[PDB]
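Just the one chain here, laid out as C-alpha cells, in the form deposited in one PDB entry.
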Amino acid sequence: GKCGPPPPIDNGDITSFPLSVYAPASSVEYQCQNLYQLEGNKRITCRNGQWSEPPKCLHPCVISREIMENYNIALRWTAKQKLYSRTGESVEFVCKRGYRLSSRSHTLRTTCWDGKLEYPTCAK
C-alpha cells in the first residue's frame, strides 16, 4: 500500500520535499499561491497505494477595464483598489457620473468566485 510522489496541483505546492516512496498512512499538505484560496482539506494521505484527493486552488478575479467602461461603473475606493480579488472577497463599484443602477442589475458590491465577478450595470 505504499505511494509514489504526490501529485502537482495547479497554482499550489506541497509544503515538504517530495520523496520517492511513502508508507501507508503518510500525509503531505498543500498550500495555494498567494491570491489563490485553498478549497477543502489541505492534507492528502497515502492509503492502499493511492493518495487521497488534493484540494483545489480557487482563482482570484482581475478587474476588467473594458467591462467597467461598457457598464458605466468605476471602483468606489480609489485608495483601496482590489485590482485582484481573492475568491470570497468583495469588490465595490459605483456608477459613473451621470448614471444610475439599471433595473435587474447585480448589486454594486459583488463577490469574487473562482475567477468570476458578476458586474453591476448602470444606465444614463
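Only the largest set of C-alpha atoms that superpose within 1.5 Å between the two forms is called the rigid core. So that there is no doubt, residue numbering starts at 1 and follows the sequence shown.
In what follows, reference is made to the form deposited in another entry, a form of this protein that is not presented.
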Quick one: once the rigid core is lined up, does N11 have its C-alpha move by 2 Å or more between this form and the one not shown?
no
C-alpha of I67: shift of 2 angstroms or more between this form and the one not shown, rigid core aligned?
yes
Classify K80 as shifted (yes) or not shifted (no) between this form and the one not shown, where shifted means its C-alpha moves by 2 Å or more with the rigid core superposed.
yes
Taking the cut-off of 3 Å or more as given, in which direction does the distance between the C-alpha atoms of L38 and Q81 change in the other entry, closer or farther?
farther
Please check whether, in the other entry, the CA atoms of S103 and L117 lie closer or farther apart than here, given a change of 3 Å or more.
closer
